[PDB]
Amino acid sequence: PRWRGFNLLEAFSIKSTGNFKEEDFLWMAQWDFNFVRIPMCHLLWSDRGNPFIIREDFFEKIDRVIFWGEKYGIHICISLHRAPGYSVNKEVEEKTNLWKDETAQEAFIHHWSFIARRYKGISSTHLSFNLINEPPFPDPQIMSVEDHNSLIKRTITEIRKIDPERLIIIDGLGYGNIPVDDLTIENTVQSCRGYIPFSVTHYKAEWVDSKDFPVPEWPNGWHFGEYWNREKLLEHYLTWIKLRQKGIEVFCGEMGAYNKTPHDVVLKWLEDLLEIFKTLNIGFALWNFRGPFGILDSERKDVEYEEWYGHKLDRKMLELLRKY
């Protein structure tokens, strides 16, 4: 069934606790969602200076997430948001380049082999692996298309020597926006993104160079020099679902808008995005459940929040997600 849900960030940062909240799973299940992605920072169990370190005790926390996934009917997709030699997160600068460095790739495979072995008994109904979050545009001085595909193929091969049936999720290139043409591997799904356009979704975002973005507006939002509307969004995701002609399913592993964009603009944009995803049968995950991109505790100035067990619920946003 089409995946619909959220990312949970309790293992996202080097400062994260690793302690996920069971009530998140309870609530999203009661709202009829069925998917969570877990973007993980490998430094929570490893070392900046030695990428082969694994502190296995950390994964007792992920074991709990898998239990709650099974208890509440929520598929768990575990992802490396930071891995040896790569992350889009600037909180730590990687000293090596995963896409070129043999040692970082060995460590990458070492981590994924450890994780594959730990969860070999867990069905892909309940658990998938997203090997690496948001590879860059394939500039071959950093990462060629062939660099990426050969590494992903090698890593999948090693994972499936351990667990032959494990479902793998593969992010598009260009930070999850470009389909990967020559990765037609059995039992995989490719993952796109729903942040187009940045003037709406990343207005005043501190971790992006956003100082010159125009006032958010939708339609006619702005994204790296180009103006977007729902027909342009439709065209974009039509190129994605072309992967289905090669036997490859697609879904949108992250989407949403930050909390400095006027709510009326966010809801107009999100309505169009979700209508396109329903049209094309594309699953989705909002970047936050609780948090600035989320339906809860998003700290928007212009929302009449609903009380939700000590939290603040954006009911309009939730009901949009629930209807698509």
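Residue numbers here begin at 1 and follow the sequence given.
Student: Out of 154-162 and 78-86, which one has CA B-factors that are higher on average in the deposited record?
Tutor: Taking the mean C-alpha B-factor of 154-162 and of 78-86, the larger value falls to 154-162.
Student: Hey, which bit's got the bigger mean C-alpha B factor in the entry, 250-258 or 173-181?
Tutor: Mean C-alpha B-factor is greater for 173-181.
Student: Between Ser113, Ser210, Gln190, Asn133, where does the Cα B-factor run highest in the record?
Tutor: Among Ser113, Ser210, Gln190, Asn133, the highest C-alpha B-factor in the entry belongs to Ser210.
Student: Quiz for you: based on the deposited Cα B-factor, which of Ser128, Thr201, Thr239, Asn97 is highest?
Tutor: That would be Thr239, according to the entry.
Student: Can you tell me which third, lowest, middle or highest, the CA B-factor of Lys71 falls into for its chain?
Tutor: Highest third, going by the recorded CA B-factors of the chain.
Student: Taking the chain's C-alpha temperature factors as the reference, tell me which third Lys232 falls into: lowest, middle or highest.
Tutor: For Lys232, the deposited C-alpha B-factor lands in the middle third.
Student: C-alpha B factor of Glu307, ranked within the chain: lowest, middle or highest third?
Tutor: Middle third.
Student: For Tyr324, return the chain-relative third of its C-alpha B-factor as stated in the PDB record: lowest, middle or highest.
Tutor: For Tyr324, whose C-alpha B-factor we compare with every modelled residue in the chain, the answer is the highest third.
Student: C-alpha B factor of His148, ranked within the chain: lowest, middle or highest third?
Tutor: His148: CA B-factor falls in the lowest third of its chain.
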